[PDB]
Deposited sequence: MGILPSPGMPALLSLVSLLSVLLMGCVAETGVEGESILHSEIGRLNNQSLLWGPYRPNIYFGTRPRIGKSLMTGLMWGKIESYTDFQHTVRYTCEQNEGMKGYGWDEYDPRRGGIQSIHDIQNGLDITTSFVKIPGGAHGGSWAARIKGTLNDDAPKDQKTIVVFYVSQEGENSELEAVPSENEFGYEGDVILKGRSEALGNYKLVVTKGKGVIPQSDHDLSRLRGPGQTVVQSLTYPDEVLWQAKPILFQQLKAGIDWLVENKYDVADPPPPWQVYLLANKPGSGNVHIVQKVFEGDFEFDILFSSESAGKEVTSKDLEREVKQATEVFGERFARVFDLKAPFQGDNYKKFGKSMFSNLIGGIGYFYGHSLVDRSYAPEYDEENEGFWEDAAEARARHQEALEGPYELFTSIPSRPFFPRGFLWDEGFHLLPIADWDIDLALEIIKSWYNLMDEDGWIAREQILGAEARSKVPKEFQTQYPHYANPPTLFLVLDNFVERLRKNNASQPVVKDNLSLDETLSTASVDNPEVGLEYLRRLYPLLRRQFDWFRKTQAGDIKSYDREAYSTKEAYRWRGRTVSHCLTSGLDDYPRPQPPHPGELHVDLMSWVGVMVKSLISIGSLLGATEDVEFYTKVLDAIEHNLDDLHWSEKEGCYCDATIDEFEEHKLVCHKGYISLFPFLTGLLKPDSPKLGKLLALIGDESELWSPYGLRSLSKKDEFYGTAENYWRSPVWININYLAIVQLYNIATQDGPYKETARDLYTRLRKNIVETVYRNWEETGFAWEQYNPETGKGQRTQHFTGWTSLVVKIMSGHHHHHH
C-alpha cells in the first residue's frame, strides 16, 4: 500500500500523449492536458498545411523520437522536420514534491536547418485544456496593450491537482514586427493568449479549435477593411487577437523569426517553491546522468556490440519504446450481442459471423483507462495485447515496478468472463485515428497471452527514491507476493476464458489422443486471415473449419499453465497447482498426438477432411516451431532437434537477416499481402533467440548446435535492425529476407526494440 502510493505519486505526470509530437497529461481521465504545435508561414494559405500536431511519417518529416527517456524522470525528444526547415528538441523533466504528483518543466528549442531561409517565420502554439466540473484555469492578463512582453502565467485549480500555476516563458529569439496599420489595433507583434470554453468532450480537438480562432481573426480583417489592396504580413494575419481570461481552453501563440526557444513551467502549489528555468536546466542535466548510469548497468551490450555505435543504437531503440508510454481514457466500441453465430460451430461460420456483425449491435461502453506502451506513434498509438507482452520485456529490465503497473493496468480492463479486448481504442481522441469498421471489439476474440512472459521474468527475479522505486517489487519479497496475490485470480480467470471460448473439438470426430480435453482453435478467422493469433495472414487450413486445431494457441495455453504453476506455488494454491500440473502434462502429450508431423519433421495446425478425418496441414515457418518458441520442449527432445534443423536450414527458414516467417519451400511463400508469409519479424526471432540460448547453456545433445545458431541468429537480427537504423533512422515493423531492407511501418517501437535485450544478452 505504501509502495503503491509512492509509485502513483512517481508516475502520475508525463508526456503521456505519444499520439502527438509533444504534449503532457497526468494519469487521470478528466484533467489538465497540454500540446505543442508549430509551422512555418510563408504565404496567406500555407500554415494550415505546414502546422504540426498529431504524429505522422511522410517525405516531409526526416524523423523524430526520444534520445533518452525514463517516465519517472523525463527525457529529450529530437524532431527533424523537413517541411518546416526545423530541428526541434523537446526536453521534459519531473520535479517530485507536494501531494499532487509533483511538478514538471519542458524546454522547446527550434533550430532552422541549413536549407531554411534564415528569416523564416515560425508560428508556435502551446495549447492547454482542462476537463472537469469543478475546476478552474485562468490566464493572468498582461500589463501591455495587445499581448505579452514576457511570461504568460495560467493559474488553475482542481480536486485532482489542487492549486497549480503553468508558465509559458518569454523565450529567446527574434520576434518579427509589423509596420502595418493593423498594428494600431493588433499590436506590432507579441505573444498572445486566447482563453475559451467548449463542452469538455471536444477539448482534445486542438487543431480545429485553433483554426476556428484563426478563421474568426481573418473574418475580422475582412470586415474591418484589411484587404488585398494593402494586406498585413501573413504572420500577422495568422496572429490571434489577445483575449486572456478564464476558460477550459487556453491558446498561447508566439511567432519567431529565425531560431527560437521557450520554457513551460508547471508548479504544483502543494510542493515547495515554484519551478524556475534554472531548475529545468539542472534537472535535465541530472536526468541524462542517471539515464547514462542506468543504461550501462541494465543494458550492458555484449560482444560484438560493445562499441559506441551500437550503444547509441540501443539507446535509441530503448528510449523510443519506453518513450511510447501513453495514458488513454474513454469509452470503447464493443459488440455485446454474443450472437450465436460467433460460436463458429458450423462449416462456413465466417459467413454467419459476418451476418451477425452486419446487425451492428456494438455500442460504446466504459469509460476505461489504460497506461501502456504502444507499437507505433504515427500509425497506431494505442494498446495491443500480445504486443505489450514483448514491449515490457526490456521495460521490466529497466524498471520492474513500471512494467507491473502496466500489467496491472491491462488486467484491470478484464471483464467478468475473463476477456480483455486485443486492441484498446479508448475515447474519441483515440477513435479519430481509426475507421469505424475497425473500432468494434468482439468478446470472443483472443490474442496471445504474452504478458505471462513478463510475469515469468518477474517470478524468476523474485526467487533470486527513483532508483529504489524502480525495483521495490523485487527488493521487498512481500510487496511482490501481494501483487501476485491480487493478480493471480485474473490470470486464472483469463486461463479459464481461453479454455471456454477457444476450445477445439476432439470428442466429436475420428480423433485419438492422450487427453480428451486439450485442444484449441482461435475464434475469428476468415478465409484468408487469422487476426487473433497475431500472425495475420500466416497460411492456415483451407477452408477454415470448426474442426481446426492451432498448434500456436495450444502452446500459449502451455505458456499460461506453466506461469500459473509458479504463481500458484508461491501463493500455496495447492489444489490449483495440482490441476494445472495435469493440464500441462496433457498439453505435452496432445501437442505430439494432435500436432506433430513425423513425415514433415515439425508441428502443424490440424483440420478435418472432406471425409471427417483429422488431417495435418503443414506450412513450415514460425507456427511450425511454436512448442520450441514457447519453451515447452525438453532439451533432449528429438522433436526439438528436428526443429533445430528446420530453423538452421537456409533453404527453409534461415536467411542471412534472421528467420523467415514462412519457408521459401512453402506454396504460400511471398503470396497475397505477404505480411507473415516470408518477412523477418523481430518478436518471433527474439523468442527463438532466447530458446536457443536456453539449450546452449545446459547439458544436452543439442548444446553445441544451439550455441552456433544462437550466436549467428543474434548477430543476424541485431545487425539487420542496426544497419536499417543507421541508414534510415527508423525501427521497422519487419525486414526483407532477400534484401535485408526494413519494410512496412516505420517508428515501430514496437517489439522491434527487443533488439536492446538481444544485444545485452545473459538470458
In sequence order, name the stretches of the deposited sequence that have no C-alpha in these coordinates.
1-39, 504-516, 816-819
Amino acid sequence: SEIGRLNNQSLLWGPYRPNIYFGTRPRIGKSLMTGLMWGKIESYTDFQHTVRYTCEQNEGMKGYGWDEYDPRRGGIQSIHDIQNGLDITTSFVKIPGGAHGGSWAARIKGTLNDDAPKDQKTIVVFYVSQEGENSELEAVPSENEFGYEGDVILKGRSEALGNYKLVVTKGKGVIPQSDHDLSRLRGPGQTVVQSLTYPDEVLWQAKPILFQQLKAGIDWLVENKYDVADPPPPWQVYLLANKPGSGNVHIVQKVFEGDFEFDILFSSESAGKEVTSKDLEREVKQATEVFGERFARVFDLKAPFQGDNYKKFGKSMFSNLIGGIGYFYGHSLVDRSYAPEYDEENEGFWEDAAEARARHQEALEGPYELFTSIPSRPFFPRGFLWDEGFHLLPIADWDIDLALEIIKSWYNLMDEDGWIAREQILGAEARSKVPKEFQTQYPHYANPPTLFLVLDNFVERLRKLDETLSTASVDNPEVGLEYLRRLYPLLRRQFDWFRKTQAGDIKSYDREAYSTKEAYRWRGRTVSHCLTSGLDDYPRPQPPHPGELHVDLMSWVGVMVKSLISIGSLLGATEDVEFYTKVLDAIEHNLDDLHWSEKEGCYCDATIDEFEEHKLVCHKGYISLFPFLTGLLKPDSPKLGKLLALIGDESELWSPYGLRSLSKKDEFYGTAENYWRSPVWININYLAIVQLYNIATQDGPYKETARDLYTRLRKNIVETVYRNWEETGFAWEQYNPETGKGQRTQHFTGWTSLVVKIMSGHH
From here on, numbers count along this sequence of modelled residues.
Selected stretch [higher average CA B-factor]: 475-483 or 404-412:
475-483
Mean C-alpha B factor from the entry: is it higher for 540-548 or for 633-641?
633-641
Residue with maximal Cα B-factor (values as given in the PDB entry) among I123, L240, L625, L469:
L469
Which of these, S78, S569, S655, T440, has its C-alpha atom at the highest B-factor, as the entry lists it?
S569
Relative to the other modelled residues of the same chain, rank the CA B-factor of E68 and answer lowest, middle or highest third.
highest
Once the chain's modelled residues are ordered by C-alpha B factor and cut into thirds, is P381 in the lowest, middle or highest one?
lowest
If you rank the chain by CA B-factor, which third does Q734 end up in: lowest, middle or highest?
lowest
CA B-factor placement of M560, once the chain's modelled residues are sorted into thirds
middle
Among all modelled residues of this chain, ranked by Cα B factor, put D200 in the bottom, middle or top third, i.e. lowest, middle or highest.
middle
